[PDB]
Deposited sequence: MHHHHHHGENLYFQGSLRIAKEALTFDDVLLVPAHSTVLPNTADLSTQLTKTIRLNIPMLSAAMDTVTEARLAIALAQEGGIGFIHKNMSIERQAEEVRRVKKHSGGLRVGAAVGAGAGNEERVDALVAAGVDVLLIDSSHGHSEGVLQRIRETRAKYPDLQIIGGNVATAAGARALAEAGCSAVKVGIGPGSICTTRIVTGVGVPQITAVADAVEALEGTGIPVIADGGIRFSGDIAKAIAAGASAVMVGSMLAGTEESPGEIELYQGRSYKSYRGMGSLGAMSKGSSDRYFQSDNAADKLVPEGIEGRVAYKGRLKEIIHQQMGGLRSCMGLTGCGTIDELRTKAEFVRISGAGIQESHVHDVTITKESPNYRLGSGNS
């Protein structure tokens, strides 16, 4: 018999239900616990991608109440300096940095901790791999108070494995990324709404938050991911093409564009087969206006569902399942 574990739902399969409300959108509280010790003012994390987050974007997002993750596609010294630029900037801004879950990253981790990184991100395409869990346990043993985010997983067993390995937060997302091709390459993936809810249910009572990573296209997707139980979302394409993101602005016909590619694309890699594409994204302008629009959407959702806080949205808001029609 076919080994079907369950049916799984994506953002477009569901809608949030309007409910009794004493919440006006302008009164909604967007603060969230990223970890037990780190509280963000907005539930936004920027992707650890070489076309998305470097010190400039990490500074702009932290200023909006979120947090950036400096990508690992650079030298140890360049990354430690990128972290130093964010930390040494005025305002007491928080920063995160990504590391590979393979052998020979102890040096990179030691440098980032010294540079003052607030949260270390163990960046894996398969968080349920034994090698990833081992590296996390080792990092936890060496740095007992360091805030660690481990990912990516898309199951209850995967979330429990990362929490047991020492993770301060668990990142969810196997195949939902706008630039992902793993569903076609490996045939592997879990629709994000089910992936998040499963990971959240597995971690109930532990105080370990879940980050919904990948596939956020609109502010409505942000709202859905949070009501599925995520404490925050991680975005790539939503912040790609912004002024603050790395790389140069390019002109095609008349419209301005920026590069956006998966970290598993042929370009980002230069022997695994690619699991990501290389694309062009339209120039979005300043990050501040993007965040204001998206958070505004989230605020209006909170008004419609009568959820005054992120925690209320996470635990009270209900969904309806819809057809393709």
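Missing C-alpha coordinates mark the following deposited-sequence intervals, in order: 1-15, 286-300, 356-381.
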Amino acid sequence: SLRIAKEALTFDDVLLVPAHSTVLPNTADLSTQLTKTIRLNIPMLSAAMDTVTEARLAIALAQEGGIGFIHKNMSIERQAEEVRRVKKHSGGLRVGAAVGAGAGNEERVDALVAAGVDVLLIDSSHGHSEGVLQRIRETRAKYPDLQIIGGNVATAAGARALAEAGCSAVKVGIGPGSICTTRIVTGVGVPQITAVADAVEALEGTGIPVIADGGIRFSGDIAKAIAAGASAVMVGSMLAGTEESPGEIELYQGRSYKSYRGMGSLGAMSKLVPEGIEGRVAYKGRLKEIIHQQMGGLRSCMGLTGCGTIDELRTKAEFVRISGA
From here on, numbers count along this sequence of modelled residues.
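A summary of the deposited B-factors shows that, of 79-87 and 232-240, the stretch with the larger mean C-alpha value is 79-87.
Taking the mean C-alpha B-factor of each stretch as recorded, 292-300 and 275-283 are not equal, and the higher mean is that of 275-283. Per the PDB entry, 115 shows the highest C-alpha temperature factor of the residues 159, 115, 167, 226. Residue set 173, 187, 127, 102: peak C-alpha B-factor at 102 (per PDB entry). When the CA B factors of the chain's modelled residues are split into thirds, the value for residue 153 lands in the lowest one. In the deposited entry, the Cα temperature factor of residue 24 sits in the top third of values across the chain's modelled residues. Ranked within its chain, residue 178 lands in the lowest third, by CA B factor from the PDB record. Annotation for residue 48: C-alpha temperature factor in the middle third relative to the rest of the modelled chain, per the entry. Compared with the other modelled residues of the chain, the Cα B-factor recorded for residue 131 ranks in the middle third.
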